[PDB]
Structures are given as C-alpha cells and as structure tokens.
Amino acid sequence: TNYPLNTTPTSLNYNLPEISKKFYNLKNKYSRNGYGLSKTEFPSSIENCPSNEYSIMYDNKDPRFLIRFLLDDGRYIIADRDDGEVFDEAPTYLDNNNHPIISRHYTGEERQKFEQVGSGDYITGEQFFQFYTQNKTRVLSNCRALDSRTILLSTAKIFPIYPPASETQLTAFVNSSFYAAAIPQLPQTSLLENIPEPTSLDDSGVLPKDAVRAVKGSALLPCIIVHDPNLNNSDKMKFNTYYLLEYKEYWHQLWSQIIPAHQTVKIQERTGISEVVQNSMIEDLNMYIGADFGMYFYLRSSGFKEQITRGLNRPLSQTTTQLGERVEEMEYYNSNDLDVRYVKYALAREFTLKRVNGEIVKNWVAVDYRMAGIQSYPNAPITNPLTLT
C-alpha cells in the first residue's frame, strides 16, 4: 500500500500575502528626491495642505514601516510598526472635497479599509500600486507635491491609465526597505482520545488540568484586534505582530465517584461557559461563544471572521445570544447489584491566545454539554446504565 495504515496529523494552514507579513517603507514611484510616507513631526510645507498631529505625513525623512493586514474581502488595514495605529479616511473635508488620511486606533470601521490596486506607467512599463476607497470611487494621493513635505489624502479626482495624466503620479507607490512581521508557528493537529473509561473501581480518571488536548485548529490574529495590556504598542506590533489563537479539545471531567450497589447520589454538573469568561474573551479579542457554540465577532475582529474561523475549524455563530453557564443538580441511581465506578466527561472547546514567544496570554473554555458521556468500570453489557432521576 501507497499510504500509511494509520492516521497521520495534518499541518494547519493560515496563508497570508507577503505584504501582510512585512512592514514596508512605502515610497512615491515618481518622486525625484526620496519622498514617501513618513512619521515626521514637522508640518506640511504647502498652502491648502494643512497638517496636524493626526495627519499621515509625506516626507523624505523619518519613514513609516507599514504592514497591510488582509481582511476577508481582500481589502487591507494599513498599520504602523512603531505605534500600532492604522490609516483612517477621516470624514472631515479639506479643499476640493478631499478627505485627509489620519492615524487612528483600530476600530474595524469601513473608513479604515483600503483596496490595493496594482497598476503601472503606460509609457515606461514600470509597475506601482495604488490605494482606493469607497468601491474605487476615491484614490489615496499626496496633497499637491511629489517632492516636498505634505499630507496624504483621498480624492475623487481619478484619471484613466490612458491618456496619462500628471495627477496620477501623486497616487503611485512602490515598496522599499522592510522589517519582517513576528509571526507564531502554527501547531500540528492531533487526535482526540475516546472519552476516558475507568479501568478499575479505584480509577478516579483524569482532571481537566491533566487532560491531553487534541489540537484541532489555529488562527493568526493581527495584533490590532488583540488587547494585551501587558505589552506596550511598540512591543506588541514589533514582537507579536500576529498572536496565535489555538483551538483544542479535551475531555473535561464533571465528576468521578464509586456509586455503591443500589445507592443514590446527587451531583452538581457545571457546563457551558461563565459570563466572566465570555466578558474576558470580548475584552481581549472582541469575540465570544454563541449559544450555538459557534464564534461571534464584534466589530474589531469582524473583518477577519472568515479567515479566523476557517483556521480554527469552528463555525461562525448564527445567534447573537451568548452561550450561558449551565449549573444542574443531577440525581443518579445505580440499580446494579455491584459497586460501579462512574465518571462523567463533556467535550471542552478550549481557545488559547499565545504570544510569538509561546507565552500563554489566556485560555477560554466552553464545556459542551451536547457532547458528553458517562463511562464506568464495570460497564455494559455487564452492568445496566446508570439511571438518571
């Protein structure tokens, strides 16, 4: 036989473009003197092009290094290496009905999304790229100048590739020098064991802290969606440009007891997830587990929902209701004529956020009461099922 006789693990994938894995210095393709996007504190040199501390500046010193995080629809969030803020088409107006591009914290709003279009010079054949907004009805452009300090804006004044128009020069970017993004290694998958079956009356089984996890999925989260206040902005973006979100399953013990012959016991079974754990996941990732056990995304992470759920191998939630905490008091009777070790597990769905360096930031676990079972020693067909109620 050509393939193994046993199952083998799979590589988890989370493919990204090169521009989503590098912070590039973005230069103007036509500038004679090295001008490109900049984080200069000096003001605009040009009337009708005013700057302030929010402006995305254009200068031939103090360059920005910018990563393009890929959204599910192919647009990009353009994020800065040094302060972790993003470009944002501000709804205010400059002259001539243009909007300034500003630096702002990431919100996931439409105004922070940019479509990259690959184009070029019709005469020379040289390639460059541009950024558009509003379904290609606005283009990003320097304010007036190719070779003086100015600001970046978006304009609705767009020109066709032919006949070539001077103004298009102000929209033409090329990649220059770059820093690599820090990206976690994706773990390999692993198989989940069967729900653990006791081997003797003294086998108390496996506690959640000791249960072997099966790795089932993983996503690379842009750091702009992660709130990790243990780091500052610059360390997060430079050393943890993407965080790892692992999806793992394990059997989570509800309880384990010898139930003597003909005896009743009452046992609390706690499953689902607590509001405390759900509120933590909202705060850290803008995600929570829906009442259908799918993943629900608020606006900050929403733009990456399809990629993240594809990588985790868990579905998008179809309900806005949060999964709740189930706390149920269960009364069990062992009708057998022998003492029986009983143990109940439900499947835990564990999401773990990690830094590039492997540190665990947080885990959040949903105990899935729809996927549970009671195992025992001795067991069927020697004994009859434990009776509930």
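Numbers for residues come from their place in the sequence shown, where the first is 1.
A.B. asks: Do the CA atoms of 169-177 or those of 120-128 have the higher mean B-factor in the entry?
C.D. replies: According to the entry, 120-128 carries the higher average C-alpha B-factor.
A.B. asks: Got a sec? Mean C-alpha B-factor, which is higher, 239-247 or 291-299?
C.D. replies: On average, C-alpha B-factors are higher across 291-299.
A.B. asks: Kindly indicate the residue among 70, 327, 37, 347 with the greatest C-alpha B-factor in the PDB record.
C.D. replies: Highest C-alpha B-factor among the listed options: 327.
A.B. asks: Checking the record values for 363, 28, 55, 320, which has the greatest CA B factor?
C.D. replies: If I rank 363, 28, 55, 320 by C-alpha B-factor, first place goes to 320.
A.B. asks: Taking the entry's C-alpha B-factors for this chain, is residue 314 in the lowest, middle or highest third?
C.D. replies: Middle third, going by the recorded CA B-factors of the chain.
A.B. asks: What third of the chain, by the recorded C-alpha B-factor, contains residue 266?
C.D. replies: Within its chain, residue 266 is a highest-third residue by C-alpha B-factor, going by the deposited values.
A.B. asks: Ranking the modelled residues of this chain by C-alpha B-factor as given in the entry, is residue 372 in the lowest, middle or highest third?
C.D. replies: Middle third of the chain for residue 372's C-alpha B-factor.
A.B. asks: Comparing residue 80 with the other modelled residues of its chain, is its CA B-factor in the lowest, middle or highest third?
C.D. replies: Lowest third of the chain for residue 80's C-alpha B-factor.
A.B. asks: Among all modelled residues of this chain, ranked by Cα B factor, put residue 340 in the bottom, middle or top third, i.e. lowest, middle or highest.
C.D. replies: Middle third of the chain for residue 340's C-alpha B-factor.
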